[PDB]
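Coordinate analysis (summary)
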Amino acid sequence: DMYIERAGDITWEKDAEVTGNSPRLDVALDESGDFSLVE
Amino acid sequence: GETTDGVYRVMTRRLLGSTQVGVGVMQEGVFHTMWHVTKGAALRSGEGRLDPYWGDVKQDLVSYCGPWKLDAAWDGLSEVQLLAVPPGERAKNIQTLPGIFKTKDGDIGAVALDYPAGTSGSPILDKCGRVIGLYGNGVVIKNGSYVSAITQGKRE
Ligand SMILES: Cc1cc(CO)c2cccc(CC(=O)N3CC[C@@H](N)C3)c2n1
């Protein structure tokens, strides 16, 4: 049996840690909702 | 139960200790998460019970107590914040410029940020603090690193 606990407000936080890249990826989505790399 | 807007942890006791299986968003009295987190099972909020209302395994989305409410979209240009909520750790904004999932049915936002699977359901925000989608359905790339779709549902 599953339960929820509050973990914060939803707010844009100015000067948050800035990171991660921006790849353009060719993908397929199957009937099971799993993404895959179309190569 | 607790129906304050904001982000919440999704926990189970069915395994050793209390385990965080995912994250979700409460807005306008509706709780929003990813299908792979709850499997469409009911949820507890104190004494309150949350029953599933809508879901789709292919979108990997599910709403509790009402229809999907989150309709804001990545604009295709601006940076975004992943409001990440990892197991055992406090809520942490992470700013990024999304990449792109190219598919036969269209192009989708994607964020290249790697976090435990228990983080599945954490929201992604625009500069106005609106939820443009949820984190935790994506792919492992050549490097072995994880990339997640910005998964958004349709509001009626
Ligand atoms: C293997 C892996 C690794 C990482 C990070 O390294 C993940 C981060 C967030 C979320 C998921 C879960 C996920 O993407 N799906 C489950 C359901 C299916 N449709 C996709 C992660 N799965």
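Reading the values: the criteria
- Residues numbered from 1 in each chain as written, not as in the entry; some residues may be left out.
- Chains lettered and ligands numbered in written order.
- Heavy atoms only, no water.
- Near = heavy atom within 4 Å.
- Polar contact = N/O pair within 3.5 Å; in protein donor to acceptor, adjacent residues only side chain to side chain.
- Areas by Shrake-Rupley, 256 points an atom, 1.4 Å probe, with all protein chains shown as cover.
- Nonpolar A, V, L, I, M, F, W, Y, C, P; charged D, E, K, R; others polar.
- 1 Å grid on protein atoms, 1.4 Å probe; cavity = no way out; pocket = protein on both sides within 12 Å on 5 of 7 lines; lining within 4 Å.
- Points joined across faces, edges and corners; volume = space filled by probe spheres on them.
- Helix = DSSP H or I, 4+ residues; strand = E, 2+ residues; numbered from the N terminus.

Per the deposited record, determination of this structure is attributed to X-ray crystallography, with the resolution reported as 1.92 Å.

Turning to the site of the ligand, a few remarks are in order. Neighbouring the ligand are the residues A:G33, A:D34, B:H36, B:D114, B:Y115, B:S120, B:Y135, B:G136, B:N137, B:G138 and B:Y146. More than one chain approaches the ligand, the contributing ones being chains A and B. Contact distances for the ligand include 2.7 Å between a nitrogen atom and a side-chain N or O atom of A:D34. Alone, the ligand offers 500 Å² of accessible surface; in the complex the protein occludes 70% of this. Its residues assigned to classes, the shell around the ligand comprises 3 nonpolar, 6 polar and 2 charged.

Our focus in this paragraph is the layout of surface pockets. Taken as a whole, the largest pocket encloses approximately 380 Å³ of empty space. Take the lining of the largest pocket: its biggest share by element is 3 residues, from strand β11 (residues 106-111) of chain B. Residue composition of the lining of the largest pocket, by class: 9 nonpolar, 5 polar and 2 charged. Empty space within the second largest pocket amounts to approximately 180 Å³. A:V27, A:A28, A:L29, A:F35, B:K58, B:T103, B:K104, B:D105, B:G106 and B:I108 together form the lining of the second largest pocket. Listing elements by their share of the lining of the second largest pocket, those giving two or more residues are β3 (24-29) of chain A together with β11 of chain B. Of all the elements, β3(A) adds the most residues to the lining of the second largest pocket, at 3 residues.

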